[PDB]
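Here's input.tsv, which has TSV, N, CA and C atoms:
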```
chain	number	residue	atom	x	y	z
A	1	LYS	N	0.84	-1.19	0.00
A	1	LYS	CA	0.00	0.00	0.00
A	1	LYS	C	0.88	1.24	0.00
A	2	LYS	N	0.58	2.17	-0.90
A	2	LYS	CA	1.28	3.44	-0.97
A	2	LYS	C	0.41	4.53	-0.38
A	3	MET	N	0.96	5.25	0.61
A	3	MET	CA	0.18	6.18	1.42
A	3	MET	C	0.30	7.62	0.96
A	4	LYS	N	0.45	7.85	-0.34
A	4	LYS	CA	0.38	9.23	-0.82
A	4	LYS	C	-1.06	9.71	-0.83
A	5	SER	N	-2.00	8.83	-1.18
A	5	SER	CA	-3.39	9.26	-1.33
A	5	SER	C	-4.08	9.50	0.01
A	6	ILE	N	-3.55	8.96	1.10
A	6	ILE	CA	-4.11	9.24	2.42
A	6	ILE	C	-3.76	10.65	2.85
A	7	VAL	N	-2.50	11.04	2.67
A	7	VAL	CA	-2.07	12.37	3.05
A	7	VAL	C	-2.40	13.40	1.97
A	8	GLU	N	-2.73	12.96	0.75
A	8	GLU	CA	-3.21	13.89	-0.25
A	8	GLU	C	-4.62	14.37	0.07
A	9	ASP	N	-5.48	13.47	0.53
A	9	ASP	CA	-6.82	13.86	0.96
A	9	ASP	C	-6.80	14.59	2.29
A	10	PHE	N	-5.70	14.49	3.04
A	10	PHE	CA	-5.53	15.28	4.24
A	10	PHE	C	-5.43	16.77	3.92
A	11	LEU	N	-4.80	17.11	2.80
A	11	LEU	CA	-4.59	18.50	2.43
A	11	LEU	C	-5.68	19.04	1.51
A	12	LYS	N	-6.49	18.18	0.90
A	12	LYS	CA	-7.65	18.66	0.16
A	12	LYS	C	-8.67	19.27	1.10
A	13	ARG	N	-8.90	18.62	2.24
A	13	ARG	CA	-9.98	18.99	3.14
A	13	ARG	C	-9.58	20.08	4.13
A	14	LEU	N	-8.29	20.28	4.35
A	14	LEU	CA	-7.81	21.56	4.88
A	14	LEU	C	-7.82	22.51	3.69
A	15	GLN	N	-8.82	23.40	3.64
A	15	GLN	CA	-9.18	24.07	2.40
A	15	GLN	C	-8.17	25.10	1.92
A	16	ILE	N	-7.15	25.42	2.72
A	16	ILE	CA	-6.27	26.54	2.41
A	16	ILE	C	-5.31	26.19	1.27
A	17	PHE	N	-4.80	24.97	1.26
A	17	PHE	CA	-3.66	24.66	0.41
A	17	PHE	C	-4.09	24.28	-1.01
A	18	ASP	N	-3.12	24.34	-1.92
A	18	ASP	CA	-3.26	23.86	-3.29
A	18	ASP	C	-2.38	22.62	-3.42
A	19	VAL	N	-3.02	21.48	-3.66
A	19	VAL	CA	-2.33	20.20	-3.60
A	19	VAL	C	-1.62	19.89	-4.92
A	20	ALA	N	-2.11	20.45	-6.03
A	20	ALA	CA	-1.56	20.16	-7.35
A	20	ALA	C	-0.13	20.67	-7.54
A	21	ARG	N	0.33	21.59	-6.69
A	21	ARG	CA	1.71	22.06	-6.74
A	21	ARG	C	2.50	21.68	-5.50
A	22	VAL	N	2.01	20.70	-4.74
A	22	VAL	CA	2.79	20.12	-3.64
A	22	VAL	C	3.52	18.91	-4.20
A	23	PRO	N	4.84	18.83	-4.05
A	23	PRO	CA	5.57	17.68	-4.60
A	23	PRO	C	5.37	16.41	-3.78
A	24	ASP	N	6.03	15.33	-4.18
A	24	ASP	CA	5.81	14.05	-3.53
A	24	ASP	C	6.53	13.90	-2.20
A	25	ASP	N	7.64	14.62	-2.00
A	25	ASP	CA	8.44	14.47	-0.79
A	25	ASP	C	7.68	14.93	0.44
A	26	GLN	N	7.02	16.09	0.33
A	26	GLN	CA	6.33	16.67	1.47
A	26	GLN	C	5.11	15.85	1.86
A	27	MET	N	4.60	15.02	0.97
A	27	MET	CA	3.52	14.12	1.35
A	27	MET	C	4.05	12.90	2.09
A	28	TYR	N	5.21	12.39	1.71
A	28	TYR	CA	5.82	11.28	2.43
A	28	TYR	C	6.69	11.74	3.59
A	29	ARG	N	6.92	13.05	3.73
A	29	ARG	CA	7.56	13.57	4.94
A	29	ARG	C	6.54	13.95	6.00
A	30	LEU	N	5.38	14.40	5.53
A	30	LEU	CA	4.24	14.69	6.43
A	30	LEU	C	3.80	13.34	7.02
A	31	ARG	N	3.91	12.26	6.23
A	31	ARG	CA	3.54	10.94	6.72
A	31	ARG	C	4.36	10.56	7.94
A	32	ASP	N	5.69	10.58	7.81
A	32	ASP	CA	6.61	10.05	8.82
A	32	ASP	C	6.61	10.85	10.11
A	33	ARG	N	6.02	12.04	10.10
A	33	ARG	CA	5.84	12.86	11.28
A	33	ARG	C	4.46	12.67	11.89
A	34	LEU	N	3.48	12.35	11.04
A	34	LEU	CA	2.08	12.12	11.51
A	34	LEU	C	1.92	10.69	12.02
A	35	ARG	N	2.91	9.82	11.78
A	35	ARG	CA	2.82	8.44	12.24
A	35	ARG	C	3.19	8.31	13.71
A	36	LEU	N	4.01	9.22	14.22
A	36	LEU	CA	4.44	9.17	15.62
A	36	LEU	C	3.36	9.61	16.59
A	37	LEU	N	2.28	10.22	16.12
A	37	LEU	CA	1.22	10.70	17.00
A	37	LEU	C	0.38	9.53	17.50
A	38	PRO	N	-0.03	9.54	18.77
A	38	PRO	CA	-0.91	8.48	19.26
A	38	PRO	C	-2.32	8.63	18.72
A	39	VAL	N	-2.95	7.48	18.45
A	39	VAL	CA	-4.34	7.45	18.04
A	39	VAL	C	-5.21	7.85	19.22
A	40	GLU	N	-6.22	8.68	18.96
A	40	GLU	CA	-7.10	9.12	20.03
A	40	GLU	C	-8.02	7.99	20.47
A	41	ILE	N	-8.74	8.24	21.56
A	41	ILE	CA	-9.38	7.17	22.31
A	41	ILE	C	-10.63	6.63	21.62
A	42	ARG	N	-11.31	7.43	20.79
A	42	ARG	CA	-12.57	6.95	20.23
A	42	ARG	C	-12.37	6.14	18.96
A	43	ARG	N	-11.40	6.49	18.13
A	43	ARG	CA	-11.11	5.69	16.95
A	43	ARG	C	-10.25	4.48	17.26
A	44	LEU	N	-9.57	4.47	18.41
A	44	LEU	CA	-8.76	3.31	18.77
A	44	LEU	C	-9.62	2.19	19.34
A	45	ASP	N	-10.65	2.54	20.11
A	45	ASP	CA	-11.52	1.53	20.68
A	45	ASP	C	-12.43	0.88	19.65
A	46	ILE	N	-12.67	1.55	18.52
A	46	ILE	CA	-13.35	0.90	17.41
A	46	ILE	C	-12.48	-0.20	16.83
A	47	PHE	N	-11.18	0.08	16.67
A	47	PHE	CA	-10.28	-0.89	16.05
A	47	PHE	C	-10.09	-2.12	16.92
A	48	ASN	N	-10.10	-1.96	18.24
A	48	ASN	CA	-9.95	-3.12	19.10
A	48	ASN	C	-11.21	-3.98	19.15
A	49	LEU	N	-12.32	-3.51	18.58
A	49	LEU	CA	-13.45	-4.37	18.28
A	49	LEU	C	-13.36	-4.95	16.88
B	1	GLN	N	52.40	-47.01	-57.73
B	1	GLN	CA	51.25	-47.64	-58.35
B	1	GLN	C	50.22	-48.04	-57.30
B	2	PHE	N	49.02	-48.35	-57.78
B	2	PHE	CA	47.87	-48.60	-56.92
B	2	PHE	C	48.00	-49.98	-56.29
B	3	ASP	N	48.22	-50.02	-54.98
B	3	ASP	CA	48.15	-51.25	-54.20
B	3	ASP	C	46.80	-51.27	-53.50
B	4	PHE	N	46.06	-52.36	-53.68
B	4	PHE	CA	44.73	-52.43	-53.11
B	4	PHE	C	44.76	-52.67	-51.61
B	5	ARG	N	45.67	-53.52	-51.14
B	5	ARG	CA	45.68	-53.87	-49.73
B	5	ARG	C	46.19	-52.73	-48.87
B	6	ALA	N	47.05	-51.88	-49.42
B	6	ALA	CA	47.58	-50.74	-48.70
B	6	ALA	C	46.72	-49.50	-48.84
B	7	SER	N	45.62	-49.58	-49.58
B	7	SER	CA	44.80	-48.41	-49.84
B	7	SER	C	43.33	-48.75	-49.69
B	8	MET	N	42.98	-49.48	-48.63
B	8	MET	CA	41.59	-49.70	-48.28
B	8	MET	C	41.47	-49.71	-46.77
B	9	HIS	N	40.53	-48.92	-46.25
B	9	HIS	CA	40.39	-48.73	-44.82
B	9	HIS	C	38.93	-48.86	-44.42
B	10	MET	N	38.67	-48.71	-43.13
B	10	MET	CA	37.36	-48.97	-42.54
B	10	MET	C	37.07	-47.85	-41.56
B	11	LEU	N	36.18	-46.94	-41.94
B	11	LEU	CA	35.98	-45.69	-41.22
B	11	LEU	C	34.79	-45.80	-40.26
B	12	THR	N	34.89	-45.13	-39.12
B	12	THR	CA	33.95	-45.29	-38.02
B	12	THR	C	33.48	-43.92	-37.53
B	13	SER	N	32.18	-43.76	-37.36
B	13	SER	CA	31.61	-42.49	-36.93
B	13	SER	C	30.36	-42.77	-36.11
B	14	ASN	N	29.51	-41.76	-35.95
B	14	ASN	CA	28.23	-41.88	-35.27
B	14	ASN	C	27.11	-42.12	-36.27
B	15	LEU	N	25.95	-42.52	-35.75
B	15	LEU	CA	24.80	-42.74	-36.63
B	15	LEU	C	24.09	-41.42	-36.91
B	16	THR	N	23.48	-40.83	-35.88
B	16	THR	CA	22.85	-39.52	-35.98
B	16	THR	C	23.05	-38.77	-34.68
B	17	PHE	N	23.09	-37.44	-34.78
B	17	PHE	CA	22.87	-36.55	-33.65
B	17	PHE	C	22.42	-35.20	-34.18
B	18	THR	N	22.14	-34.28	-33.25
B	18	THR	CA	21.78	-32.90	-33.55
B	18	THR	C	22.65	-31.96	-32.73
B	19	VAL	N	23.07	-30.85	-33.34
B	19	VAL	CA	23.85	-29.83	-32.66
B	19	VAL	C	22.94	-28.65	-32.34
B	20	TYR	N	22.90	-28.26	-31.07
B	20	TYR	CA	22.13	-27.11	-30.63
B	20	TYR	C	23.06	-25.96	-30.29
B	21	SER	N	22.90	-24.84	-30.98
B	21	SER	CA	23.40	-23.57	-30.49
B	21	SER	C	22.29	-22.88	-29.72
B	22	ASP	N	22.64	-21.75	-29.09
B	22	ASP	CA	21.73	-20.92	-28.28
B	22	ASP	C	21.11	-21.74	-27.15
B	23	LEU	N	21.98	-22.08	-26.19
B	23	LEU	CA	21.62	-22.96	-25.09
B	23	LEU	C	20.54	-22.37	-24.19
B	24	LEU	N	20.42	-21.05	-24.13
B	24	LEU	CA	19.49	-20.40	-23.21
B	24	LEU	C	18.05	-20.39	-23.71
B	25	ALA	N	17.74	-21.04	-24.83
B	25	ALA	CA	16.35	-21.17	-25.24
B	25	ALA	C	15.63	-22.29	-24.52
B	26	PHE	N	16.36	-23.14	-23.80
B	26	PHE	CA	15.77	-24.21	-23.01
B	26	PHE	C	15.47	-23.77	-21.58
B	27	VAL	N	15.42	-22.47	-21.33
B	27	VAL	CA	15.30	-21.92	-19.98
B	27	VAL	C	14.03	-21.08	-19.92
B	28	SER	N	13.10	-21.48	-19.06
B	28	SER	CA	11.93	-20.67	-18.79
B	28	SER	C	12.26	-19.66	-17.71
B	29	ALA	N	11.82	-18.42	-17.91
B	29	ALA	CA	12.26	-17.29	-17.10
B	29	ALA	C	11.07	-16.44	-16.68
B	30	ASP	N	10.88	-16.30	-15.37
B	30	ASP	CA	9.84	-15.46	-14.81
B	30	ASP	C	10.44	-14.54	-13.77
B	31	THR	N	9.65	-13.56	-13.33
B	31	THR	CA	10.14	-12.51	-12.46
B	31	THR	C	9.08	-12.17	-11.42
B	32	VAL	N	9.52	-12.01	-10.17
B	32	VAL	CA	8.67	-11.55	-9.09
B	32	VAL	C	8.13	-10.14	-9.40
B	33	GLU	N	6.98	-9.80	-8.81
B	33	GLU	CA	6.40	-8.48	-8.99
B	33	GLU	C	7.35	-7.41	-8.45
B	34	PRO	N	7.53	-6.30	-9.18
B	34	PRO	CA	8.64	-5.38	-8.86
B	34	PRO	C	8.45	-4.60	-7.58
B	35	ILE	N	7.26	-4.57	-6.99
B	35	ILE	CA	7.11	-3.94	-5.69
B	35	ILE	C	7.69	-4.82	-4.59
B	36	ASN	N	7.81	-6.13	-4.82
B	36	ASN	CA	8.29	-7.07	-3.82
B	36	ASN	C	9.76	-7.40	-3.99
B	37	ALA	N	10.50	-6.61	-4.77
B	37	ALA	CA	11.88	-6.94	-5.08
B	37	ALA	C	12.81	-6.51	-3.95
B	38	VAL	N	13.77	-7.38	-3.63
B	38	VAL	CA	14.70	-7.18	-2.52
B	38	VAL	C	16.13	-7.21	-3.04
B	39	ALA	N	17.02	-6.60	-2.27
B	39	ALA	CA	18.45	-6.61	-2.56
B	39	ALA	C	19.12	-7.79	-1.86
B	40	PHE	N	20.45	-7.73	-1.73
B	40	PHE	CA	21.23	-8.85	-1.19
B	40	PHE	C	20.92	-9.14	0.27
B	41	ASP	N	20.52	-8.14	1.05
B	41	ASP	CA	20.29	-8.35	2.47
B	41	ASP	C	18.89	-8.86	2.78
B	42	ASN	N	18.14	-9.30	1.76
B	42	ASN	CA	16.75	-9.75	1.85
B	42	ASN	C	15.84	-8.69	2.46
B	43	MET	N	16.16	-7.43	2.20
B	43	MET	CA	15.36	-6.30	2.61
B	43	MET	C	14.98	-5.52	1.36
B	44	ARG	N	13.74	-5.05	1.32
B	44	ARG	CA	13.15	-4.51	0.11
B	44	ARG	C	13.81	-3.21	-0.31
B	45	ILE	N	14.13	-3.08	-1.59
B	45	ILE	CA	14.57	-1.80	-2.12
B	45	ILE	C	13.34	-0.95	-2.39
B	46	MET	N	13.52	0.38	-2.36
B	46	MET	CA	12.44	1.37	-2.42
B	46	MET	C	11.46	1.18	-1.26
B	47	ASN	N	11.98	1.47	-0.06
B	47	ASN	CA	11.24	1.59	1.19
B	47	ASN	C	10.44	2.91	1.28
B	48	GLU	N	10.37	3.66	0.19
B	48	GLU	CA	9.74	4.97	0.20
B	48	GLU	C	8.22	4.89	0.15
B	49	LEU	N	7.69	3.78	-0.37
B	49	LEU	CA	6.21	3.58	-0.46
B	49	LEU	C	5.62	3.53	0.95
```

Show me this structure written as structure tokens.
Amino acid sequence: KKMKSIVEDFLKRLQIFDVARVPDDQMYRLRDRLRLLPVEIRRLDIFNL
Amino acid sequence: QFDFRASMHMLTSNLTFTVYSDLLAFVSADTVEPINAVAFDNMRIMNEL
């Protein structure tokens, strides 16, 4: 699985940015920084079911 | 002058065979999917995905 499309839709819905001129590095660099964050309590308890 | 006993021989060879050039046509060749390709350390190249 390639996770460019997960972080691409992250920046579409934050309405400020223009995604068509964002290169590929900043999407896979935003990934490696957003992966260290802990999952919050309501979406994590769904997964454990 | 022509001596018959000194000029008659008995030659020996094979019956039949076939000579094949291009030895690598007897080799079937397939390739793993390129996303799953690994280097010498059995670790995947292009860890960027």

Pairwise distance, atom C of residue 8 (chain A) with atom C of residue 42 (chain A), equals 22.0 Å

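Using only C-alpha atoms, the shortest contact distance between chain A and any of B:35, B:44, B:18, B:9 is found at B:35.
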
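The residues of chain A lying at most 7 Å from chain B, with all atoms listed in the file taken into account, are residues 1, 2, 3 and 4 of chain A.
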
Can you write out the residues you just picked, keeping N, CA and C atoms, as an mmCIF file, in the frame of the given file?
```cif
data_model
loop_
_atom_site.group_PDB
_atom_site.id
_atom_site.type_symbol
_atom_site.label_atom_id
_atom_site.label_comp_id
_atom_site.auth_asym_id
_atom_site.auth_seq_id
_atom_site.Cartn_x
_atom_site.Cartn_y
_atom_site.Cartn_z
ATOM 1 N N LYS A 1 0.840 -1.190 0.000
ATOM 2 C CA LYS A 1 0.000 0.000 0.000
ATOM 3 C C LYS A 1 0.880 1.240 0.000
ATOM 4 N N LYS A 2 0.580 2.170 -0.900
ATOM 5 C CA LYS A 2 1.280 3.440 -0.970
ATOM 6 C C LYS A 2 0.410 4.530 -0.380
ATOM 7 N N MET A 3 0.960 5.250 0.610
ATOM 8 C CA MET A 3 0.180 6.180 1.420
ATOM 9 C C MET A 3 0.300 7.620 0.960
ATOM 10 N N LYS A 4 0.450 7.850 -0.340
ATOM 11 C CA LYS A 4 0.380 9.230 -0.820
ATOM 12 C C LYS A 4 -1.060 9.710 -0.830
#
```

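One finds atom C of residue 7 (chain A) at 9.9 Å from atom N of residue 19 (chain A).
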
Listed atoms of region 12-26 of chain A boxed axis-aligned with 6 Å per side, centre + edges as AutoDock Vina command-line options:
```
--center_x -0.8 --center_y 20.2 --center_z -1.3 --size_x 30.4 --size_y 24.6 --size_z 24.4
```

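Interatomic distance, CA of residue 5 (chain A) to CA of residue 23 (chain A): 12.7 Å.
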
Which parts of chain A does DSSP call alpha helix (DSSP H) when run on the backbone here, written out as a ChimeraX atom specification? /A:4-13,25-34,41-47

Complete the atoms of region 12-29 of chain B to N, CA, C and O atoms and put them out as an mmCIF file, in the frame of the given file.
```
data_model
loop_
_atom_site.group_PDB
_atom_site.id
_atom_site.type_symbol
_atom_site.label_atom_id
_atom_site.label_comp_id
_atom_site.auth_asym_id
_atom_site.auth_seq_id
_atom_site.Cartn_x
_atom_site.Cartn_y
_atom_site.Cartn_z
ATOM 1 N N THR B 12 34.890 -45.130 -39.120
ATOM 2 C CA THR B 12 33.950 -45.290 -38.020
ATOM 3 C C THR B 12 33.480 -43.920 -37.530
ATOM 4 O O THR B 12 34.306 -43.027 -37.313
ATOM 5 N N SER B 13 32.180 -43.760 -37.360
ATOM 6 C CA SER B 13 31.610 -42.490 -36.930
ATOM 7 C C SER B 13 30.360 -42.770 -36.110
ATOM 8 O O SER B 13 30.167 -43.881 -35.606
ATOM 9 N N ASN B 14 29.510 -41.760 -35.950
ATOM 10 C CA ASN B 14 28.230 -41.880 -35.270
ATOM 11 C C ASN B 14 27.110 -42.120 -36.270
ATOM 12 O O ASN B 14 27.275 -41.969 -37.482
ATOM 13 N N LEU B 15 25.950 -42.520 -35.750
ATOM 14 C CA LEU B 15 24.800 -42.740 -36.630
ATOM 15 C C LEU B 15 24.090 -41.420 -36.910
ATOM 16 O O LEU B 15 24.107 -40.926 -38.037
ATOM 17 N N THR B 16 23.480 -40.830 -35.880
ATOM 18 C CA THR B 16 22.850 -39.520 -35.980
ATOM 19 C C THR B 16 23.050 -38.770 -34.680
ATOM 20 O O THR B 16 23.157 -39.374 -33.612
ATOM 21 N N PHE B 17 23.090 -37.440 -34.780
ATOM 22 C CA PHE B 17 22.870 -36.550 -33.650
ATOM 23 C C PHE B 17 22.420 -35.200 -34.180
ATOM 24 O O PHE B 17 22.310 -34.980 -35.387
ATOM 25 N N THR B 18 22.140 -34.280 -33.250
ATOM 26 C CA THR B 18 21.780 -32.900 -33.550
ATOM 27 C C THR B 18 22.650 -31.960 -32.730
ATOM 28 O O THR B 18 22.918 -32.223 -31.563
ATOM 29 N N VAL B 19 23.070 -30.850 -33.340
ATOM 30 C CA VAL B 19 23.850 -29.830 -32.660
ATOM 31 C C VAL B 19 22.940 -28.650 -32.340
ATOM 32 O O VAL B 19 22.290 -28.107 -33.237
ATOM 33 N N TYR B 20 22.900 -28.260 -31.070
ATOM 34 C CA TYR B 20 22.130 -27.110 -30.630
ATOM 35 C C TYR B 20 23.060 -25.960 -30.290
ATOM 36 O O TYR B 20 23.931 -26.099 -29.426
ATOM 37 N N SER B 21 22.900 -24.840 -30.980
ATOM 38 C CA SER B 21 23.400 -23.570 -30.490
ATOM 39 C C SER B 21 22.290 -22.880 -29.720
ATOM 40 O O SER B 21 21.143 -23.346 -29.689
ATOM 41 N N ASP B 22 22.640 -21.750 -29.090
ATOM 42 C CA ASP B 22 21.730 -20.920 -28.280
ATOM 43 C C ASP B 22 21.110 -21.740 -27.150
ATOM 44 O O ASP B 22 19.928 -22.105 -27.159
ATOM 45 N N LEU B 23 21.980 -22.080 -26.190
ATOM 46 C CA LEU B 23 21.620 -22.960 -25.090
ATOM 47 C C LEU B 23 20.540 -22.370 -24.190
ATOM 48 O O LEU B 23 19.792 -23.126 -23.555
ATOM 49 N N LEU B 24 20.420 -21.050 -24.130
ATOM 50 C CA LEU B 24 19.490 -20.400 -23.210
ATOM 51 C C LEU B 24 18.050 -20.390 -23.710
ATOM 52 O O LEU B 24 17.205 -19.766 -23.061
ATOM 53 N N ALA B 25 17.740 -21.040 -24.830
ATOM 54 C CA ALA B 25 16.350 -21.170 -25.240
ATOM 55 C C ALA B 25 15.630 -22.290 -24.520
ATOM 56 O O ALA B 25 14.403 -22.382 -24.612
ATOM 57 N N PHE B 26 16.360 -23.140 -23.800
ATOM 58 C CA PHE B 26 15.770 -24.210 -23.010
ATOM 59 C C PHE B 26 15.470 -23.770 -21.580
ATOM 60 O O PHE B 26 15.291 -24.622 -20.710
ATOM 61 N N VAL B 27 15.420 -22.470 -21.330
ATOM 62 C CA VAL B 27 15.300 -21.920 -19.980
ATOM 63 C C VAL B 27 14.030 -21.080 -19.920
ATOM 64 O O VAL B 27 13.900 -20.090 -20.647
ATOM 65 N N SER B 28 13.100 -21.480 -19.060
ATOM 66 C CA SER B 28 11.930 -20.670 -18.790
ATOM 67 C C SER B 28 12.260 -19.660 -17.710
ATOM 68 O O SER B 28 12.893 -19.985 -16.705
ATOM 69 N N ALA B 29 11.820 -18.420 -17.910
ATOM 70 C CA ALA B 29 12.260 -17.290 -17.100
ATOM 71 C C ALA B 29 11.070 -16.440 -16.680
ATOM 72 O O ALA B 29 10.361 -15.909 -17.533
#
```
